[PDB]
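Colleague: Have a look at this one.
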Amino acid sequence: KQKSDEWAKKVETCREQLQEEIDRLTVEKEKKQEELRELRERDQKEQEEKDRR
Amino acid sequence: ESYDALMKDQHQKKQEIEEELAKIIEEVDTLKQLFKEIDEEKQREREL
């Protein structure tokens with residue numbers, strides 16, 4: 001029973017830490033690819049203009 | 001069993017978020033410099 005209780009303690013602590021870190025990752029997410037896509041359409045439009053010229 | 005299962009699931013989805021964010025920073029910086037150079041070229045051509 002002591003083993004089970006301590007294991008549950010560890011499980012709860014690990015769940016807390018993993019959820020916290022993954023939520024931090026989610027918060028940091030998407031800025032890079034948003035700006036990346038913006039730059040990509042900008043460059044593609046540049047290429048289209050140059051080709052038309 | 002529950003601890004190991006959900007910890008592994010957390011590991012995979014943490015790694016998924018890591019993949020989603022990661023190298024995109026390097027690509028953003030690379031195209032930042034690329035637009036720097038492209039704007040330099042366009043400025044030079046328009047000045048000419």
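Residue names in the structure tokens use chain letters A, B, ... in the order shown, residue numbers from 1 in each chain, and ligand numbers from 1 in the order shown.
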Excluding same-chain residues fewer than 2 positions from segment 18-26 of chain A, what lies within 8 Å of it counting only C-alpha atoms, as a ChimeraX atom specification?
Modeller: /A:14-16,28-29 /B:7,10-11,13-14,17-18,21
Colleague: Export N, CA, C and O atoms of the chosen residues as a short mmCIF file (atom, residue, chain, number, x, y, z; two decimals), in the first residue's frame?
Modeller:
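The result, written out as result.cif:
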```cif
data_model
loop_
_atom_site.label_atom_id
_atom_site.label_comp_id
_atom_site.auth_asym_id
_atom_site.auth_seq_id
_atom_site.Cartn_x
_atom_site.Cartn_y
_atom_site.Cartn_z
N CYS A 14 4.53 13.93 -11.91
CA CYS A 14 4.95 13.84 -13.30
C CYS A 14 3.89 14.41 -14.23
O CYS A 14 4.21 15.11 -15.20
N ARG A 15 2.62 14.12 -13.96
CA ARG A 15 1.55 14.66 -14.79
C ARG A 15 1.54 16.18 -14.73
O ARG A 15 1.43 16.85 -15.76
N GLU A 16 1.68 16.73 -13.52
CA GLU A 16 1.73 18.18 -13.37
C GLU A 16 2.86 18.77 -14.19
O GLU A 16 2.66 19.71 -14.97
N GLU A 28 4.30 29.01 -26.62
CA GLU A 28 5.36 29.50 -27.50
C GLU A 28 5.05 29.21 -28.97
O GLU A 28 5.57 29.89 -29.86
N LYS A 29 4.23 28.20 -29.24
CA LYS A 29 4.00 27.73 -30.60
C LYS A 29 3.52 28.83 -31.54
O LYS A 29 3.05 29.88 -31.11
N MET B 7 2.04 9.10 -19.06
CA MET B 7 3.33 9.75 -19.19
C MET B 7 3.88 9.59 -20.60
O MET B 7 4.42 10.53 -21.19
N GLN B 10 1.90 11.88 -22.84
CA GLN B 10 2.42 13.23 -22.65
C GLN B 10 3.74 13.41 -23.38
O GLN B 10 4.00 14.47 -23.96
N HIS B 11 4.60 12.39 -23.34
CA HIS B 11 5.88 12.48 -24.03
C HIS B 11 5.70 12.64 -25.53
O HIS B 11 6.31 13.52 -26.15
N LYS B 13 3.04 13.77 -27.17
CA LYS B 13 2.42 15.03 -27.57
C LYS B 13 3.31 16.24 -27.26
O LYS B 13 3.28 17.23 -28.00
N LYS B 14 4.13 16.15 -26.21
CA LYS B 14 5.18 17.14 -26.00
C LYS B 14 6.15 17.17 -27.17
O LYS B 14 6.52 18.24 -27.66
N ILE B 17 4.51 18.91 -30.10
CA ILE B 17 4.58 20.36 -30.01
C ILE B 17 6.00 20.85 -30.28
O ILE B 17 6.21 21.89 -30.92
N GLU B 18 7.00 20.11 -29.80
CA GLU B 18 8.39 20.46 -30.06
C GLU B 18 8.67 20.47 -31.55
O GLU B 18 9.34 21.37 -32.07
N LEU B 21 7.09 23.50 -33.23
CA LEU B 21 7.73 24.80 -33.03
C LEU B 21 9.15 24.83 -33.60
O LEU B 21 9.46 25.64 -34.48
#
```
Colleague: Give me the residues near residue 10 of chain A as an MDAnalysis selection string, where near means some atom within 12 Å (using only C-alpha atoms) and where sequence neighbours in that chain fewer than 5 positions away do not count.
Modeller: (chainID A and resid 3:5 15:17) or (chainID B and resid 2:4 7)
Colleague: Do you have the atom CA of residue 33 of chain B-atom CA of residue 19 of chain B distance handy?
Modeller: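 Taking atom CA of residue 33 of chain B as the start and atom CA of residue 19 of chain B as the end point, the length is 23.1 Å.
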Colleague: Please identify all polymer residues within 12 Å of segment 37-50 of chain A, counting only C-alpha atoms, omitting same-chain residues fewer than 3 positions from it, and present them as a compact mmCIF listing (two decimals) with C-alpha atoms, in the first residue's frame.
Modeller:
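What ended up in around_1.txt:
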```
# COMPACT_ATOMS: atom_id res chain seq x y z
CA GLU A 30 3.01 29.16 -34.01
CA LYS A 31 4.82 32.53 -34.09
CA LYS A 32 7.66 31.18 -36.20
CA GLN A 33 5.52 29.50 -38.84
CA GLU A 34 3.12 32.45 -38.98
CA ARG A 53 8.21 41.73 -66.02
CA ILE B 24 10.78 26.93 -37.96
CA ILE B 25 12.77 29.58 -36.08
CA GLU B 27 13.71 29.09 -41.44
CA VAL B 28 12.18 32.37 -40.27
CA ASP B 29 15.63 33.87 -39.67
CA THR B 30 16.93 32.54 -43.00
CA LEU B 31 14.09 34.16 -44.92
CA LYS B 32 14.56 37.30 -42.83
CA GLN B 33 18.08 37.56 -44.22
CA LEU B 34 16.73 36.53 -47.63
CA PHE B 35 14.32 39.48 -47.63
CA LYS B 36 17.16 41.68 -46.41
CA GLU B 37 19.17 40.72 -49.50
CA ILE B 38 16.16 40.84 -51.85
CA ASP B 39 15.24 44.32 -50.61
CA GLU B 41 18.72 44.08 -54.69
CA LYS B 42 15.39 45.80 -55.38
```
Colleague: Quick check, in Å to one decimal: how far apart do atom CA of residue 36 of chain A and atom CA of residue 40 of chain B lie?
Modeller: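 Separation of atom CA of residue 36 of chain A and atom CA of residue 40 of chain B: 19.7 Å.
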Colleague: Please report the interatomic distance between atom CA of residue 15 of chain B and atom CA of residue 27 of chain A in Å with one decimal.
Modeller: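 Rounded to one decimal, the two atoms are 14.5 Å apart.
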